[PDB]
Amino acid sequence: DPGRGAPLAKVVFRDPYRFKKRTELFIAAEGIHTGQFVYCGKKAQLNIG
Amino acid sequence: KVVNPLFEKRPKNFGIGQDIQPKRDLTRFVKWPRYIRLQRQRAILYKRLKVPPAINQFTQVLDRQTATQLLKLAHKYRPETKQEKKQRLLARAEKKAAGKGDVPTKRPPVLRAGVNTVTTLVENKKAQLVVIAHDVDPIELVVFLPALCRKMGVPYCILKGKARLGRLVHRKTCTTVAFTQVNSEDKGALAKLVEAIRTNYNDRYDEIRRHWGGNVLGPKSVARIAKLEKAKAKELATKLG
Amino acid sequence: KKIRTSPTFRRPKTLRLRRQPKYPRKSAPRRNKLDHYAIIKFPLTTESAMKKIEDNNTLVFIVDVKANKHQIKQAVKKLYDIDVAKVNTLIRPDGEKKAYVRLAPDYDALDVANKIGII
RNA sequence: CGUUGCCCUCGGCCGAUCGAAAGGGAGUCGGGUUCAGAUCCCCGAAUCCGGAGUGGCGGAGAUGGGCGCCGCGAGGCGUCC
RNA sequence: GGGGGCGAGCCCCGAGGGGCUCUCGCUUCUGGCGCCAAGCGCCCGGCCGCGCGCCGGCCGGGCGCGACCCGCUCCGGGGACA
Ligand SMILES: [Mg+2]
């Protein structure tokens, strides 16, 4: 991402209301990689990214 | 048999992250247009703020059975409509030069409508009963009226619907209504209503004057307070007692 | 008992009516001022214009600047009872839209040229 | 069968609009022709895009397999998928 | 607020169960799929057969649950100070 030292991560979820694959731009946690899953919420497991 | 094997169930788990959620009602979480949103949160302010008693008294409206008596009694004394007005004039013009024209005959009694027609005939003690509407749009038109009524000793009630009060007359709304007189046949009915009315309104006007009544909270907050009170209660009740 | 499925509240699709004018604003319609005539001003008779006529089966006109090829075609057909293959307009640096008009091969251009006056 | 009126049914967007003869952007080339124009005129070969209703025509969809009869046999009919 | 119950803590219990408190609203091994309802329940229009037709078949629809109920600020965080 030009003008930024951090790399980003296109992370795609599934909208839970419309059949539709919503996507985001997270700033990449170091040790993230592609074909990884990225869980998020209250009951999220305490691992990286 | 009349039961296909093939037919299955196929039930959908509406979990989290599972089968995409069903199209449930969202009436609560809709984003409303700024007119709607306002009229709703005007009503709330009236409940949330400390409403003073001259305005609060209009919450205390008449009870269903009494209202249906009143509207039945008024059905006798609705004012003359159009067409009726023409027929009253037309019959008189024919009778003048035909078979003796007296002129004044004898006019029946009828309702008195707008605040100004009424307030003169509470100043003048011409009224026997006064009905007021509870939902006049700028309140100030009808605020003094019940205090003025109680000063002059005129039984007054507050009915629901400036519209339904105004449908006695044949105009959209009406603020007030009043009976100056009533026919001898219907006389005892009015006097039955009157006494029942003044018990509930004019003969407790001191309690009305003092009775403030907004100052409620949002149930969502009320419930939060009660839960804390149950925590404070269980902190010092089950321990000792 | 009609539930809001969606959290938006879009404006409802009201009835809307056609115009039913209690009177017509303008008394009667404007007459067309770009007729079969007013579209074709005159024929060129220039050396280059006659060479076009004699060799290419065309007639070379000056035309009203507002005209489409469609209109010219229709005018040329109407005035001279003729029939066109194609119209091929340009604008002169002078202001007068010129038009080269190829007549269909059943017709000779020099024959019509003699009919209309030019040669 | 169209065309429209009404009723229901469905529909996220994202900002109206303007902004490039060098950005993006379907499809045209050879020969001839003029005092001065040519991928533009003429000759010849093409090509895209839109329409094509009543569908203009072919071809594809699609013309199997079974069983029952009758026929020397090629086959014909009846009936089942 | 109740339902639901796999279950856990407590209380009751007649060991069948009930109540309060928690818990979920149920998805973590893989660079998949995932919407426009199955299922059940109750109604009607037409057609056909039994003929008593909300009996049975054929064709076509509607509503309810499925997908608890009620409520007054959309949800958060501030806040009588900014
Ligand atoms: Mg532009």
# chains A, B, ... in the order shown; residues from 1 in each chain; ligands from 1
call {"tool": "residues_near_ligand", "arguments": {"ligand": "ligand 1", "cutoff": "9 Å", "atoms": "only C-alpha atoms (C1' of nucleotides) and all ligand atoms", "output": "VMD selection string"}}
result
chain D and resid 18 to 20
call {"tool": "write_last_selection", "arguments": {"atoms": "N, CA and C atoms (P, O5', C5', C4', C3', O3' and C1' of nucleotides)", "output": "PDB file, in the first residue's frame"}}
result
ATOM      1  P     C D  18     -22.242  13.951 -18.329  1.00  0.00           P
ATOM      2  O5'   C D  18     -21.138  15.076 -18.136  1.00  0.00           O
ATOM      3  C5'   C D  18     -21.290  16.350 -18.767  1.00  0.00           C
ATOM      4  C4'   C D  18     -20.155  17.250 -18.369  1.00  0.00           C
ATOM      5  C3'   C D  18     -18.765  16.752 -18.718  1.00  0.00           C
ATOM      6  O3'   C D  18     -18.452  17.074 -20.069  1.00  0.00           O
ATOM      7  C1'   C D  18     -18.802  17.484 -16.466  1.00  0.00           C
ATOM      8  P     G D  19     -17.474  16.129 -20.908  1.00  0.00           P
ATOM      9  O5'   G D  19     -16.154  16.101 -20.015  1.00  0.00           O
ATOM     10  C5'   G D  19     -15.316  17.269 -19.895  1.00  0.00           C
ATOM     11  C4'   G D  19     -14.070  16.980 -19.087  1.00  0.00           C
ATOM     12  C3'   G D  19     -13.353  15.680 -19.403  1.00  0.00           C
ATOM     13  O3'   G D  19     -12.466  15.907 -20.483  1.00  0.00           O
ATOM     14  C1'   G D  19     -13.580  15.901 -17.069  1.00  0.00           C
ATOM     15  P     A D  20     -12.912  15.620 -21.983  1.00  0.00           P
ATOM     16  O5'   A D  20     -11.533  15.218 -22.669  1.00  0.00           O
ATOM     17  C5'   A D  20     -10.331  15.962 -22.374  1.00  0.00           C
ATOM     18  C4'   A D  20      -9.112  15.224 -22.863  1.00  0.00           C
ATOM     19  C3'   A D  20      -9.308  14.393 -24.131  1.00  0.00           C
ATOM     20  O3'   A D  20      -8.084  14.268 -24.843  1.00  0.00           O
ATOM     21  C1'   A D  20      -8.656  12.980 -22.381  1.00  0.00           C
TER      22        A D  20
END
call {"tool": "interface_residues", "arguments": {"of": "chain E", "to": "chain A", "cutoff": "8 Å", "atoms": "only C-alpha atoms (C1' of nucleotides)", "output": "PDB file with N, CA and C atoms (P, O5', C5', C4', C3', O3' and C1' of nucleotides), in the first residue's frame"}}
result
ATOM      1  P     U E  28     -16.428 -26.411  14.424  1.00  0.00           P
ATOM      2  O5'   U E  28     -15.386 -25.256  14.766  1.00  0.00           O
ATOM      3  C5'   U E  28     -14.729 -24.511  13.721  1.00  0.00           C
ATOM      4  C4'   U E  28     -13.272 -24.907  13.566  1.00  0.00           C
ATOM      5  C3'   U E  28     -12.644 -25.836  14.606  1.00  0.00           C
ATOM      6  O3'   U E  28     -11.709 -26.614  13.875  1.00  0.00           O
ATOM      7  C1'   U E  28     -11.449 -23.804  14.560  1.00  0.00           C
ATOM      8  P     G E  31      -5.441 -25.198   3.534  1.00  0.00           P
ATOM      9  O5'   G E  31      -6.109 -24.237   2.456  1.00  0.00           O
ATOM     10  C5'   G E  31      -6.791 -23.024   2.821  1.00  0.00           C
ATOM     11  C4'   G E  31      -7.968 -22.793   1.909  1.00  0.00           C
ATOM     12  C3'   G E  31      -8.285 -23.912   0.923  1.00  0.00           C
ATOM     13  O3'   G E  31      -9.680 -24.204   0.802  1.00  0.00           O
ATOM     14  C1'   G E  31      -7.239 -22.017  -0.157  1.00  0.00           C
ATOM     15  P     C E  35     -27.816 -21.990   0.250  1.00  0.00           P
ATOM     16  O5'   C E  35     -29.046 -21.040   0.593  1.00  0.00           O
ATOM     17  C5'   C E  35     -28.926 -20.053   1.637  1.00  0.00           C
ATOM     18  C4'   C E  35     -29.425 -18.701   1.180  1.00  0.00           C
ATOM     19  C3'   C E  35     -30.727 -18.680   0.406  1.00  0.00           C
ATOM     20  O3'   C E  35     -31.791 -18.775   1.340  1.00  0.00           O
ATOM     21  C1'   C E  35     -29.177 -17.163  -0.555  1.00  0.00           C
TER      22        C E  35
END
call {"tool": "closest_residue", "arguments": {"among": "C:27, C:45, C:8, C:74", "to": "chain E", "atoms": "only C-alpha atoms (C1' of nucleotides)"}}
result
C:8
call {"tool": "closest_atom_pairs", "arguments": {"of": "chain B", "to": "chain A", "cutoff": "8 Å", "atoms": "only C-alpha atoms", "output": "JSON lines"}}
result
{"residue": "B:17", "atom": "CA", "partner": "A:16", "partner_atom": "CA", "distance": 6.9}
{"residue": "B:20", "atom": "CA", "partner": "A:16", "partner_atom": "CA", "distance": 5.0}
{"residue": "B:21", "atom": "CA", "partner": "A:17", "partner_atom": "CA", "distance": 5.4}
{"residue": "B:22", "atom": "CA", "partner": "A:17", "partner_atom": "CA", "distance": 7.6}
{"residue": "B:23", "atom": "CA", "partner": "A:17", "partner_atom": "CA", "distance": 8.0}
call {"tool": "interface_residues", "arguments": {"of": "chain C", "to": "chain B", "cutoff": "8 Å", "atoms": "only C-alpha atoms", "output": "list in words"}}
result
residues 3, 4, 5, 6, 7, 8 and 9 of chain C
call {"tool": "write_last_selection", "arguments": {"atoms": "N, CA, C and O atoms", "output": "mmCIF file, in the first residue's frame"}}
result
data_model
loop_
_atom_site.group_PDB
_atom_site.id
_atom_site.type_symbol
_atom_site.label_atom_id
_atom_site.label_comp_id
_atom_site.auth_asym_id
_atom_site.auth_seq_id
_atom_site.Cartn_x
_atom_site.Cartn_y
_atom_site.Cartn_z
ATOM 1 N N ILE C 3 -44.456 -7.122 8.069
ATOM 2 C CA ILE C 3 -43.157 -6.939 8.727
ATOM 3 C C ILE C 3 -42.108 -6.279 7.836
ATOM 4 O O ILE C 3 -42.079 -6.508 6.624
ATOM 5 N N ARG C 4 -41.243 -5.469 8.449
ATOM 6 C CA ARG C 4 -40.101 -4.881 7.749
ATOM 7 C C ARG C 4 -38.981 -5.904 7.699
ATOM 8 O O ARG C 4 -38.341 -6.188 8.712
ATOM 9 N N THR C 5 -38.758 -6.458 6.514
ATOM 10 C CA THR C 5 -37.667 -7.399 6.287
ATOM 11 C C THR C 5 -36.311 -6.685 6.299
ATOM 12 O O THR C 5 -35.351 -7.204 6.867
ATOM 13 N N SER C 6 -36.245 -5.508 5.672
ATOM 14 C CA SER C 6 -34.992 -4.756 5.501
ATOM 15 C C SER C 6 -34.945 -3.512 6.397
ATOM 16 O O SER C 6 -35.968 -2.860 6.607
ATOM 17 N N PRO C 7 -33.748 -3.162 6.898
ATOM 18 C CA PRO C 7 -33.589 -2.026 7.800
ATOM 19 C C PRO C 7 -33.646 -0.641 7.129
ATOM 20 O O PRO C 7 -33.649 0.378 7.819
ATOM 21 N N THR C 8 -33.669 -0.598 5.807
ATOM 22 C CA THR C 8 -33.929 0.639 5.098
ATOM 23 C C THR C 8 -35.410 0.981 5.175
ATOM 24 O O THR C 8 -36.238 0.104 5.451
ATOM 25 N N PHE C 9 -35.740 2.252 4.942
ATOM 26 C CA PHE C 9 -37.115 2.633 4.621
ATOM 27 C C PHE C 9 -37.128 3.551 3.416
ATOM 28 O O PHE C 9 -37.159 4.777 3.538
#
call {"tool": "closest_atom_pairs", "arguments": {"of": "chain D", "to": "chain C", "cutoff": "12 Å", "atoms": "only C-alpha atoms (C1' of nucleotides)", "output": "CSV"}}
result
residue,atom,partner,partner_atom,distance
D:5,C1',C:17,CA,10.6
D:6,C1',C:15,CA,9.7
D:7,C1',C:15,CA,11.9
D:11,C1',C:10,CA,11.4
D:12,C1',C:8,CA,9.5
D:33,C1',C:55,CA,10.8
D:34,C1',C:48,CA,9.0
D:35,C1',C:48,CA,10.7
D:36,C1',C:48,CA,10.6
D:37,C1',C:48,CA,11.3
D:40,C1',C:88,CA,9.2
D:41,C1',C:56,CA,8.2
D:42,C1',C:56,CA,7.2
D:43,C1',C:56,CA,11.6
call {"tool": "interface_residues", "arguments": {"of": "chain E", "to": "chain B", "cutoff": "8 Å", "atoms": "only C-alpha atoms (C1' of nucleotides)", "output": "PyMOL selection string"}}
result
chain E and resi 25-27+34-35+38-39+67+71-74
call {"tool": "write_last_selection", "arguments": {"atoms": "C-alpha atoms (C1' of nucleotides)", "output": "PDB file, in the first residue's frame"}}
result
ATOM      1  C1'   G E  25     -28.503 -19.475  21.013  1.00  0.00           C
ATOM      2  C1'   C E  26     -25.412 -24.620  18.700  1.00  0.00           C
ATOM      3  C1'   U E  27     -19.726 -22.779  13.472  1.00  0.00           C
ATOM      4  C1'   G E  34     -23.799 -22.578   1.709  1.00  0.00           C
ATOM      5  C1'   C E  35     -29.177 -17.163  -0.555  1.00  0.00           C
ATOM      6  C1'   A E  38     -37.299 -28.248   3.108  1.00  0.00           C
ATOM      7  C1'   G E  39     -40.464 -30.291   6.931  1.00  0.00           C
ATOM      8  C1'   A E  67     -37.343 -18.367  12.282  1.00  0.00           C
ATOM      9  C1'   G E  71     -41.208  -3.172  24.994  1.00  0.00           C
ATOM     10  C1'   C E  72     -40.112   3.703  24.612  1.00  0.00           C
ATOM     11  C1'   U E  73     -35.266   6.067  22.757  1.00  0.00           C
ATOM     12  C1'   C E  74     -30.994   1.837  15.857  1.00  0.00           C
TER      13        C E  74
END
call {"tool": "select_by_dssp", "arguments": {"residues": "range 78-184 of chain B", "states": "alpha helix (DSSP H)", "output": "number ranges by chain"}}
result
B: 84-96, 115-123, 144-152, 162-166
call {"tool": "write_last_selection", "arguments": {"atoms": "N, CA, C and O atoms", "output": "short mmCIF file (atom, residue, chain, number, x, y, z; two decimals), in the first residue's frame"}}
result
data_model
loop_
_atom_site.label_atom_id
_atom_site.label_comp_id
_atom_site.auth_asym_id
_atom_site.auth_seq_id
_atom_site.Cartn_x
_atom_site.Cartn_y
_atom_site.Cartn_z
N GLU B 84 -79.71 20.90 4.84
CA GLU B 84 -80.60 21.23 5.97
C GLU B 84 -80.81 22.74 6.15
O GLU B 84 -81.92 23.18 6.44
N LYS B 85 -79.73 23.50 5.97
CA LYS B 85 -79.76 24.97 6.08
C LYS B 85 -80.62 25.58 4.95
O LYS B 85 -81.42 26.48 5.21
N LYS B 86 -80.43 25.09 3.73
CA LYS B 86 -81.23 25.51 2.57
C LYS B 86 -82.71 25.18 2.73
O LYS B 86 -83.57 26.02 2.46
N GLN B 87 -82.99 23.95 3.15
CA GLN B 87 -84.37 23.49 3.38
C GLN B 87 -85.11 24.28 4.47
O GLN B 87 -86.33 24.46 4.37
N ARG B 88 -84.39 24.73 5.49
CA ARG B 88 -84.98 25.56 6.54
C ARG B 88 -85.37 26.95 6.02
O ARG B 88 -86.43 27.47 6.36
N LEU B 89 -84.50 27.53 5.18
CA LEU B 89 -84.78 28.81 4.53
C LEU B 89 -85.86 28.71 3.45
O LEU B 89 -86.75 29.55 3.38
N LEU B 90 -85.75 27.67 2.61
CA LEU B 90 -86.66 27.45 1.48
C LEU B 90 -88.11 27.25 1.92
O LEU B 90 -89.03 27.79 1.31
N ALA B 91 -88.30 26.46 2.98
CA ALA B 91 -89.63 26.24 3.57
C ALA B 91 -90.25 27.51 4.13
O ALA B 91 -91.47 27.68 4.08
N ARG B 92 -89.42 28.41 4.66
CA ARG B 92 -89.87 29.69 5.21
C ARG B 92 -90.29 30.68 4.12
O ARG B 92 -91.30 31.38 4.28
N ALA B 93 -89.52 30.74 3.04
CA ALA B 93 -89.82 31.61 1.90
C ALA B 93 -91.13 31.25 1.20
O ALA B 93 -91.87 32.14 0.77
N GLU B 94 -91.40 29.95 1.08
CA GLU B 94 -92.68 29.46 0.54
C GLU B 94 -93.87 29.79 1.44
O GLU B 94 -94.93 30.18 0.95
N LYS B 95 -93.67 29.65 2.75
CA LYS B 95 -94.75 29.84 3.74
C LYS B 95 -95.13 31.31 4.00
O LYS B 95 -96.17 31.57 4.60
N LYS B 96 -94.29 32.25 3.56
CA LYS B 96 -94.54 33.68 3.79
C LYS B 96 -95.76 34.19 3.01
O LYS B 96 -96.63 34.85 3.58
N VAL B 115 -63.42 27.03 20.95
CA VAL B 115 -63.00 27.58 22.26
C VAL B 115 -63.59 28.94 22.58
O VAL B 115 -64.02 29.17 23.70
N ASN B 116 -63.60 29.84 21.59
CA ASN B 116 -64.04 31.22 21.80
C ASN B 116 -65.55 31.31 22.04
O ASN B 116 -65.98 32.09 22.89
N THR B 117 -66.33 30.52 21.31
CA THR B 117 -67.77 30.40 21.59
C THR B 117 -68.05 29.80 22.96
O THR B 117 -68.99 30.22 23.63
N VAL B 118 -67.23 28.84 23.37
CA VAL B 118 -67.35 28.23 24.68
C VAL B 118 -66.90 29.16 25.81
O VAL B 118 -67.64 29.32 26.78
N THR B 119 -65.72 29.76 25.70
CA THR B 119 -65.16 30.56 26.80
C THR B 119 -66.00 31.76 27.17
O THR B 119 -66.00 32.16 28.33
N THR B 120 -66.68 32.35 26.18
CA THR B 120 -67.67 33.37 26.48
C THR B 120 -68.82 32.76 27.28
O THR B 120 -69.27 33.37 28.24
N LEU B 121 -69.26 31.56 26.90
CA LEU B 121 -70.34 30.90 27.66
C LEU B 121 -69.89 29.95 28.79
O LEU B 121 -70.65 29.07 29.21
N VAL B 122 -68.67 30.14 29.27
CA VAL B 122 -68.29 29.74 30.62
C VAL B 122 -68.09 31.00 31.46
O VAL B 122 -68.44 31.00 32.64
N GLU B 123 -67.52 32.07 30.89
CA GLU B 123 -67.59 33.41 31.51
C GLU B 123 -69.02 33.79 31.89
O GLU B 123 -69.25 34.35 32.96
N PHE B 144 -55.99 26.94 30.23
CA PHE B 144 -56.88 27.66 31.14
C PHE B 144 -58.32 27.11 31.23
O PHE B 144 -58.93 27.21 32.29
N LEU B 145 -58.84 26.53 30.14
CA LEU B 145 -60.28 26.20 30.08
C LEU B 145 -60.79 25.40 31.29
O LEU B 145 -61.81 25.75 31.86
N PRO B 146 -60.07 24.34 31.68
CA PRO B 146 -60.49 23.57 32.85
C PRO B 146 -60.41 24.33 34.17
O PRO B 146 -61.25 24.10 35.04
N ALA B 147 -59.43 25.21 34.33
CA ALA B 147 -59.37 26.08 35.51
C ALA B 147 -60.49 27.11 35.50
O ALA B 147 -61.11 27.39 36.53
N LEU B 148 -60.73 27.68 34.32
CA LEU B 148 -61.83 28.62 34.11
C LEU B 148 -63.17 27.94 34.37
O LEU B 148 -64.04 28.51 35.04
N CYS B 149 -63.33 26.73 33.84
CA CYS B 149 -64.51 25.88 34.08
C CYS B 149 -64.78 25.60 35.55
O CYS B 149 -65.93 25.68 36.00
N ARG B 150 -63.73 25.28 36.30
CA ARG B 150 -63.87 24.95 37.72
C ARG B 150 -64.14 26.22 38.54
O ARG B 150 -64.85 26.15 39.54
N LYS B 151 -63.59 27.36 38.12
CA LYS B 151 -63.92 28.66 38.72
C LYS B 151 -65.40 29.00 38.58
O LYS B 151 -66.05 29.40 39.55
N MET B 152 -65.91 28.84 37.37
CA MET B 152 -67.31 29.14 37.06
C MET B 152 -68.26 27.99 37.40
O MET B 152 -69.47 28.13 37.25
N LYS B 162 -59.87 15.21 19.40
CA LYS B 162 -60.35 16.44 18.81
C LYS B 162 -61.03 16.14 17.48
O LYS B 162 -61.95 16.86 17.09
N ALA B 163 -60.58 15.09 16.78
CA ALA B 163 -61.24 14.63 15.55
C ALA B 163 -62.65 14.08 15.79
O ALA B 163 -63.59 14.49 15.10
N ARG B 164 -62.79 13.17 16.75
CA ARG B 164 -64.09 12.53 17.04
C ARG B 164 -65.03 13.47 17.78
O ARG B 164 -66.25 13.29 17.74
N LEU B 165 -64.46 14.45 18.47
CA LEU B 165 -65.22 15.55 19.04
C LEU B 165 -65.67 16.46 17.92
O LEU B 165 -66.80 16.95 17.93
N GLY B 166 -64.78 16.69 16.96
CA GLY B 166 -65.07 17.47 15.76
C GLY B 166 -65.92 16.80 14.71
O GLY B 166 -66.36 17.45 13.78
#
call {"tool": "select_by_dssp", "arguments": {"residues": "range 53-97 of chain C", "states": "strand (DSSP E)", "output": "PyMOL selection string"}}
result
chain C and resi 58-63+84-91+97
call {"tool": "residues_around", "arguments": {"residues": "residue 41 in chain E", "least_positions_apart": "3", "cutoff": "12 Å", "atoms": "only C-alpha atoms (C1' of nucleotides)", "output": "VMD selection string"}}
result
chain E and resid 63 to 66
call {"tool": "atom_distance", "arguments": {"atom1": "CA of residue 51 in chain B", "atom2": "CA of residue 213 in chain B"}}
result
5.5 Å
